[PDB]
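Student: Before I ask anything, let me first share the structure, which is written out below as structure tokens.
Each reported figure results from applying straightforward, stated rules to the coordinates on display, with no laboratory input. We place every Cβ from the backbone using ideal geometry, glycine too, and count neighbours over all the protein chains shown.
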Amino acid sequence: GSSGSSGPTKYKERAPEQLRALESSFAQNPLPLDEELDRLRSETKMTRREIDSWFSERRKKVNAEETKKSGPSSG
């Protein structure tokens with residue numbers, strides 16, 4: 001199955017190579033299944049728990065960004 005929970009909030013920027021594979025997958029779905037994850041794991045070189053965390057940390061970032069207010073910044 002899929003599972004991944006984190007306590008405190010950290011700040012880590014994924015690599016340019018790992019993302020390329022992730023960002024590409026995201027488009028399809030924010031929470032990909034194991035199968036689809038097995039493939040990405042090859043490029044991202046991470047574990048189900050690692051990747052799973054990303055999405056939950058990414059898909060959530062894109063949902064907050066672009067705040068109604070006028071804030072011209074990274075995304």
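Student: State which residue is surrounded by the fewest Cβ atoms within 10 Å (Cβ to Cβ) when the search covers only the range 43-61 and only residues that are basic (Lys, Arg) and touching a residue at least 40 places away in the same chain (Cβ under 8 Å).
Tutor: Looking only at the range 43-61, we keep the residues that are basic (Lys, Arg), and these are 45, 48-49, 58-61.
Filter once more, keeping what is touching a residue at least 40 places away in the same chain (Cβ under 8 Å): 48-49.
Numbers: 48: 16, 49: 12.
Once the filter is applied, the top-ranked residue is 49.
Student: Continuing with the same structure: What is the residue count in the range 1-11 for residues that are farther than 14 Å from residue 57 by Cα and exposed (fewer than 11 other Cβ atoms within 10 Å of the Cβ)? Break it down into steps so the answer makes sense when it comes.
Tutor: Residues of the range 1-11 that are farther than 14 Å from residue 57 by Cα, as a first pass: 1-2.
After this cut, where a residue has to be exposed (fewer than 11 other Cβ atoms within 10 Å of the Cβ) as well, the list is 1.
Within the range 1-11, residues that are farther than 14 Å from residue 57 by Cα and exposed (fewer than 11 other Cβ atoms within 10 Å of the Cβ) number 1.
Student: Any residue in the range 6-15 that is in contact with a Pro (Cβ under 8 Å, 6 or more places away or on another chain) and among the aromatic types (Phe, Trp, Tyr)? Give the steps one after another, and end with the answer.
Tutor: Within the range 6-15, the first condition is being in contact with a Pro (Cβ under 8 Å, 6 or more places away or on another chain), and the residues that meet it are none.
No - not one qualifying residue is present in the range 6-15.
Student: Just to be sure I understand, how many residues within the range 38-61 are under 21 Å from residue 16 (Cβ atoms) and over 10 Å from the mean Cα position of the chain (by Cα)?
Tutor: Final tally of qualifying residues: 9.
Student: Looking only at the range 12-42, which residues are surrounded by 16 or more Cβ atoms within 10 Å (Cβ to Cβ) and either among the small types (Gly, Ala, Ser) or in a helix (DSSP H, G or I) (or both)?
Tutor: 18, 19, 21, 22, 25, 26, 37, 40, 41
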